[PDB]
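Accompanying notes for the structure given below.
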Amino acid sequence: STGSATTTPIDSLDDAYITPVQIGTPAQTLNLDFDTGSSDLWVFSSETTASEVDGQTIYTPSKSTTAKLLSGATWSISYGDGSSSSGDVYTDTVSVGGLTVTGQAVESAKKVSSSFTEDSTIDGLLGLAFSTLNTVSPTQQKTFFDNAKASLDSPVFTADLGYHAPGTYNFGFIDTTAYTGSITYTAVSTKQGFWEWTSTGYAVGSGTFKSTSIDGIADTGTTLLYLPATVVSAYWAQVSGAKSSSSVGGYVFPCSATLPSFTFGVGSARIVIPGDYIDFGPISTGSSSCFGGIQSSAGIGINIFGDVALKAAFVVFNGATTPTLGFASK
C-alpha cells in the first residue's frame, strides 16, 4: 500500500504545516501537524477542556463506531518550545492520503497549553519520530508510520515541504518526479528516538564550504534551523545590521536586508537554502526589525534541521531495519 497527502502552511510565514487526516467511522477529518520530532498522535477532542478550545476541529470518539477506549492509558507530552498537552487514549481507524491503519492509538487531549489553544489551524499532532519516544503509559504505543510499515510497498515516508506553498507527505514510495538529480543517503542514529544524522558542513552565501560535522535532527515540527552558535554567528555576520537580541529571543536583522543563502552538507552533496527562506518577517506588526530563520541551538542541547532546512529538499525518511535519511534538491 501507499498514501499521499498534501501538506499546507498554516500562515504566510510557514510557521507550521497541516495535513488532513481521517479518523474514525464515519471519517472525522482533522488537520494535523506531522512532526518527525515526536511520536504521539494526539488530537483536540470532545474531552478537551472547553476553555482551551478556540476554533479547532475536534475528534468525538462517541461518534465513531470503530473507536475503543484504551482502558487505563494516559499520555502527557512537553515539546521543545515549552508547549504541552495530555489526556487519555482511544484506538481507532486512521487514514492519511488513502493509507489506512486500523487500531491506531489516537491520544485524546483533556488539556492543552496556550500555544495550542491560540493556533486555531492545528487540530493536533501526528508524530513520525521513533516509537520509543511515545508517551502513552503504562503501555507505550506505536506511531502511524510504525503501524503502517509492514503494509507499505517500501518502508519509507517522504517530506516535500513547500516555501510559501503546499507540499506533500508520501508513505510507501519515492516519487522520482518530485526531486532533481539524485538522493544522497546518510546514516541515522535512533539512540535518542529522533531522525538524528550528521551534516558534513556548511557555507554562507557564495562563501567557501566549511567541512565540519554537525549532529542534528530532521524535525518537520520545528519551524526554524537551529545550529551551533559558531555557525549561526558566521551566517549573520554577513547581514549588515544583524544582531542577537536577548529581548526578542534570537537573531534579528533589518527588514531592508537581502539575506544570503545557507548551504548544508549531506555527505558529498549540498542543499542550498535560499536567503528568502530565512526571513521570518517583522518581529511585531509594522516593525522594521525582522526575525531570522537560522538561530542558535546553544541551550537547546541539540541541533535541529527544522522546516527552514527541510523545505529546501526532498527528504526520505527510510524506516528499513537500519534507518537512514535521504536528501535531494528539488
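Any read-out appearing in this document is the output of simple, stated calculations on the displayed coordinates, not a laboratory observation. Backbone-built Cβ (ideal geometry, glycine too); neighbour counts: all protein chains shown.
For this structure, a couple of remarks:
- Span from the the stretch 141-219 Cα centroid across to the the stretch 27-48 one, whole angstrom: 21
- Spin-label proximity, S284 to the stretch 234-263 - amide N less than 11 Å from point 7 Å beyond Cα toward beta carbon: 248
- Prolate/oblate/rounded label for the stretch 5-174 (Cα gyration tensor, a/c 1.5): rounded
- Qualifying trypsin sites (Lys or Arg not before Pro) in the stretch 169-255, where qualification requires a DSSP coil assignment and no more than 12 other C-beta atoms within 10 Å, comprise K191.
- Cα centroid separation - the stretch 88-107 against the stretch 239-267, whole Å: 40
- Long-range amide H partners of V106 with built H, under 5 Å: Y90, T91, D92
- Residue pairs, from the table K68/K330; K110/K149; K142/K311; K110/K243, whose Cα atoms sit over 32 Å apart: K68/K330; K110/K243
- Here, the chain has an Rg and a Dmax of 19.6, 60 Å when only alpha carbons are counted.
- Under 18 Å from the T60 label point (7 Å along Cα→beta-carbon), backbone N, the stretch 17-32: 22-31
- Label zone at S51, where the point sits 7 Å out along the Cα-to-Cβ direction: the stretch 97-122 residues whose backbone N lies under 13 Å: 112, 114
- Once the Cβ-Cβ distance of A298 and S12 is raised to the sixth power relative to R0 = 30 Å, the FRET efficiency obtained is 0.55.
- Furthest towards positive pole of dipole, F305, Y59, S84, structure part the chain, Cβ charges: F305
- Simple spin-label estimate for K68 and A237 gives 6.1 nm between the two label positions (7 Å along the Cα-to-Cβ direction from each Cα).
- Label-to-label distance, nm, for residues given as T180 and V272 (7 Å Cα→Cβ offset): 0.8
- Helical content alone sets the calculated 222 nm signal of the chain at -1500 deg cm²/dmol, taking -39,500 (n - 2.57) per DSSP H segment of four or more residues and averaging over every residue.
- Simple label model, 7 Å out from Cα along Cβ direction - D81 to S246, nm: 2.5
- FRET efficiency for the pair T29 and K330, taken as 1/(1 + (r/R0)^6) with r the Cβ-Cβ distance and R0 = 41 Å, rounds to 0.90.
- Phi-based couplings in Hz for the stretch 168-181 (Karplus 6.51, -1.76, 1.60; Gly and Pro marked x): 9, 10, 10, 10, x, 7, 9, 7, 6, 8, 8, 9, 10, x
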